[PDB]
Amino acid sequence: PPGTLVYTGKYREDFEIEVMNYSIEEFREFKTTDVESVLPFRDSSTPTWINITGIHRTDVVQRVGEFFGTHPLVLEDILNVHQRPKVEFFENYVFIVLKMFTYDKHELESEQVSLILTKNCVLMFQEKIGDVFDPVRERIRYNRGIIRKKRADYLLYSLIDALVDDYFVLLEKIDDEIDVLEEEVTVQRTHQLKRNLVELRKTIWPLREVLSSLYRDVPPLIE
């Protein structure tokens, strides 16, 4: 059937759902491979982060979408790793597509991460285990800052902020390495490593340009 949902990416080894539900006074977290156990949180009056790792499980993605009222067109986008980053506003929910690097001491993998803010839930969809969101998990666990007091829109902002922070750290590491090569480090191979890094840097740099543009120009317009 043409309408068949297809995962377009290359990761198929992991599957797991992690739920963190909290309010100013409490917090409960669990991991499960049973999707039926996370569906009840749909109607939660308090914020719930539902992190679905392994979107190759198109059956799980479809079940979550059907229960939460996600449009099939959005499930196609979640499953298509060639989507562009975006924020899109549906009558009853916000849909966001992001990209995220996974780091390990060149070379660096890229993975798409989608978010849906619906009612009081942030649904997160990842391709494989491993992400940049631990700082947010810890602030929830240990009741740091104000995240525990705020609603699910703040959870959404906090997760995006964690990804922004990761990119800025990543650009800093890329710059420190280019420097190391530029002033140090036989010569012909050293130069081609540099090229590799300056290209990766060119890929990430637009994020900083978009953010700096918003930061500089919006606030005064708001006044």
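One-based numbering along the sequence shown.
**Q** Please figure out whether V185 and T186 are truly consecutive in the deposited sequence or have unmodelled residues between them, and give none, 1 to 3, 4 to 9, or 10 or more.
**A** Count of unmodelled residues in between: 4 to 9.
**Q** Please say, as none, 1 to 3, 4 to 9, or 10 or more, how many residues of the deposited sequence are without coordinates in the interval between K105 and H106.
**A** Per the record, 1 to 3 deposited residues are absent between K105 and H106.
**Q** Of 82 to 90 and 129 to 137, which one has the bigger average CA B-factor?
**A** Result: 129 to 137.
**Q** Tell me which of 61 to 69 and 169 to 177 has the higher mean C-alpha B-factor in the deposited entry.
**A** Between 61 to 69 and 169 to 177, it is 169 to 177.
**Q** Per the entry's Cα B factor values, which of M20, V210, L200, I24 stands out as the maximum?
**A** Highest C-alpha B-factor among the listed options: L200.
**Q** Out of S158, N51, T46, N196, which one has a C-alpha B factor higher than all the others in the entry?
**A** Among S158, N51, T46, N196, the highest C-alpha B-factor in the entry belongs to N196.
**Q** Going by what the PDB entry lists, where does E109 fall on CA B-factor within its chain: lowest, middle or highest third?
**A** Highest third of the chain for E109's C-alpha B-factor.
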